[PDB]
Ligand SMILES: [Cl-]
Ligand SMILES: [Cl-]
Ligand SMILES: [Cl-]
Ligand SMILES: [Cl-]
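Chains as they are written, first to last, in UniProt numbering: chain A, 2 to 162; chain B, 2 to 162; chain C, 2 to 162; chain D, 1 to 163.
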């Protein structure tokens, strides 16, 4: 598969969250690469990664970070590719710091932000798929099948007891 | 015993909370039906459920959901029956997202909102009973007896340990 | 020993917090009575308790409640004795609901509010002692000795290693 | 041996479970420090004496950690002109939100340089104290730059989260 998504994160611990994005992309048969890129510990690598993403064929970036989360916004500052932000749960503030430091970008440089935590990692993969589905009919077919199946599963299990 | 209450929730995991509503209704001998209805995964079923509730004889709907909780508000948009919202505790924000997404309805479509979590599930049943008690003398007697025995149990155990 | 403090709480579970007030009062040799008084389940008892507290010789009331905590405020509405409020930690909102429902009394009826949780229960006892110490030299001496011992204990143990 | 340049203080013994990580970082940087329990609420007189003596003793930075209604950093900054760093200790009831606001929201006139809630802020208080000292002490500047260079290279050497 062509590698269409860069799935990046500030630290190894963030992988416990963003692995769920990767699992969802695998389920949809969408090619991706997963890489640790730290805004704070590898700032020059962040610039290289963002600068070269478009030329390497990436079309969507999913960036996860926690706390004072600067990785998604700084990548969006350095590439015009759409950047999705996953707020990682933080130990002290339950990802509220993560959420506000990702979603509240001032006008001019956007980051499309998903839910705090695992839900947001899964939804970042589903949202990247929706973006790619406008271009790639096989991805659109895969996404619609995913949504149809998830709908049918709830319909066929209506009783909580 | 007529089925007067529809007890609905977005997902199977919500039942861990809304089962306490069901237990309370069973204690008051009030007929209900419990069903999984997802605003996000079964939107068409949500609309059909709300459209048909009155014709099926339901008089109150108790709807529980967590996170960005859209189930109560969309049911209230689609039936004129009173809809009670139970904010389910969320893992990341402790049901604060659930609470605000249910209670803060703009003017025009109301949802009567109860406490976050189990306390709100129990109180949604007691509140549905209070609604029904204006019309059904047997339910008024059951609710008054419940409240009197609840009061006496505290009075009968005045000393802590 | 004369009973100078009424130590009241809305439910048995609150005693896990307010027992630390009782312990502190025991250490200061201040007489108190501890009782379950529920704003929501025994409202008539709350009114009788408040009405009779002054004639009974009580001088300070410590009231603990969690969630939508109405017990301290309604006692303060029904007796002119100083009422101290202890916000009990809540399962869903970590006592933030408890704190705001106690401290934010509108002008006209005050509740002297202490910290959320165990720290506030201990401090409610110490503050009640501070109130009584204006009257009772034995209590003033006990409180000053408590404060002197806790200061000297920290001074005598300056090294965290 | 090492002259003591940092006073590392905290309101209670339980705060040491957080500030020990500041001590560990200063040990790694070979910076002389002294750790002490100084309680704004239980030893107010000692707080004033500690702050009054700090400059003459040769301390150049104070790291102060406290939780809840955290008054230790601000009152030390009120009583010495040395730079005071504040570490908000995570509180059991409010997760250090009370700690954070009672430290960082100082009115104009008396500053406290505030770090992250909890262990991250304890580590960063040590690194920030090193940055302050590095302007004056080239040995500490070299230790701090080496710490940063090593932590950068370690991430660069481990790019794949799947191992
Ligand atoms: Cl770098
Ligand atoms: Cl559907
Ligand atoms: Cl009563
Ligand atoms: Cl002192």
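By construction, the Cβ of each residue, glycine as well, lies at the ideal position given by its N, Cα and C atoms.
Check, Outcome
"To the nearest angstrom, how far is the alpha carbon of residue 109/A from that of residue 81/A?", "11 angstroms"
"In whole angstroms, give me the CA-to-CA distance for residue 132/C and residue 55/D.", "40 angstroms"
"If you run the structure through DSSP and keep just helix, strand and coil, what is residue 115/D?", "coil"
"Closest Cβ-Cβ distance between residue 36/A and chain D: below 8 angstroms?", "yes"
"In this structure, does DSSP put residue 23/C in helix, strand or coil?", "helix"
"Is residue 44/A near ligand 1 - that is, is its Cβ less than 7 angstroms away from at least one heavy atom of it?", "yes"
"Going by beta carbon distance, what residues of the same chain come within less than 6 angstroms of residue 104/C, once the five residues before and after it are set aside?", "114"
"If contact is defined by three or more beta carbon pairs under 8 angstroms, each pair taking one atom from either stretch, is the stretch 66-77 of chain A in contact with the stretch 12-23 of chain B?", "no"
"Give, in chain order, every unbroken run of the alpha helix (DSSP H) that is at least 4 residues long and sits entirely within the UniProt domain \"PurE\" (4-155) of chain A.", "16-28, 44-54, 72-79, 97-104 and 119-134"
"State yes or no: is the C-beta of residue 72/C nearer than 7 angstroms to some heavy atom of ligand 3?", "no"
"With hydrogens ignored, establish whether the beta-carbon of residue 80/C is closer than 7 angstroms to any heavy atom of ligand 2.", "no"
"Between the Cα of residue 145/B and those of 53/B, 127/B and 162/B, spot the shortest distance and give me the residue it belongs to.", "127/B"
"Please list, in chain order, all residues of the same chain as residue 123/A whose beta carbon is under 6 angstroms from its beta carbon, the five residues on each side excluded.", "21 and 25"
"Cα separation between residue 97/A and residue 76/A?", "21 angstroms"
"For residue 117/C, would you say it is in contact with chain D, using Cβ-to-Cβ distances shorter than 8 angstroms as the test?", "yes"
"So is residue 4/C buried or exposed if we call it buried at 16+ other beta carbons inside 10 Å?", "exposed"
"Measuring only between beta-carbons, confirm whether residue 156/B sits less than 8 angstroms from chain C.", "yes"
"So, is residue 1/D buried or exposed, given that buried needs 16 or more other C-beta atoms within 10 angstroms?", "exposed"
"Cβ atoms of residue 95/D and residue 93/A: under 8 angstroms apart, would you say?", "yes"
"Would you say residue 124/D faces chain A, with C-beta separation under 8 angstroms as the test?", "no"
"Taking C-alpha atoms, which residue in 42/A, 7/A and 62/A lies nearest to residue 157/D?", "42/A"
"Identify the contact partners of residue 151/B in chain C, using a Cβ-Cβ distance below 8 angstroms as the criterion.", "42"
"Since residue 161/D meets chain A, which of its residues come closer than 7 angstroms, beta carbon to beta carbon?", "10, 13, 16, 35 and 37"
"What whole-angstrom Cβ distance do residue 117/D and residue 102/D have, given they're in contact under 8 angstroms?", "Actually they do not touch by this definition, with Cβ atoms about 12 angstroms apart."
"How should residue 162/C be labelled, buried or exposed, when 16 other C-beta atoms within 10 angstroms of its C-beta is the threshold for buried?", "exposed"
"Do residue 59/B and residue 7/B have their C-beta atoms closer together than 8 angstroms?", "yes"
"Do the CB positions of residue 73/D and residue 38/D come within less than 8 angstroms of each other?", "no"
"Cβ-heavy atom distance between residue 156/C and ligand 4 below 7 angstroms?", "yes"
"Going by C-alpha to C-alpha distance, which of 149/C, 62/C and 31/C sits closest to residue 139/C?", "31/C"
"Are residue 134/C and residue 61/C touching if we call contact CB-CB under 8 angstroms?", "no"
"Within the present structure, is the beta-carbon of residue 152/B separated from the nearest heavy atom of ligand 3 by less than 7 angstroms?", "yes"
"At a CB-CB cut-off below 7 angstroms, which residues of chain C make contact with residue 82/D?", "Those within 7 angstroms of residue 82/D in chain C number zero; the least Cβ separation is about 20 angstroms."
"Please report the Cβ distance between residue 121/A and residue 87/A, rounded to the nearest whole angstrom; I am assuming they are in contact, meaning their Cβ atoms lie under 8 angstroms.", "5 angstroms"
"Nearest-angstrom Cα distance between residue 23/A and residue 9/A?", "11 angstroms"
"Within a Cβ cutoff of 8 angstroms, which residues of the same chain sit near residue 50/D, ignoring the five residues on either side of it in sequence?", "7, 9, 36, 38 and 76"
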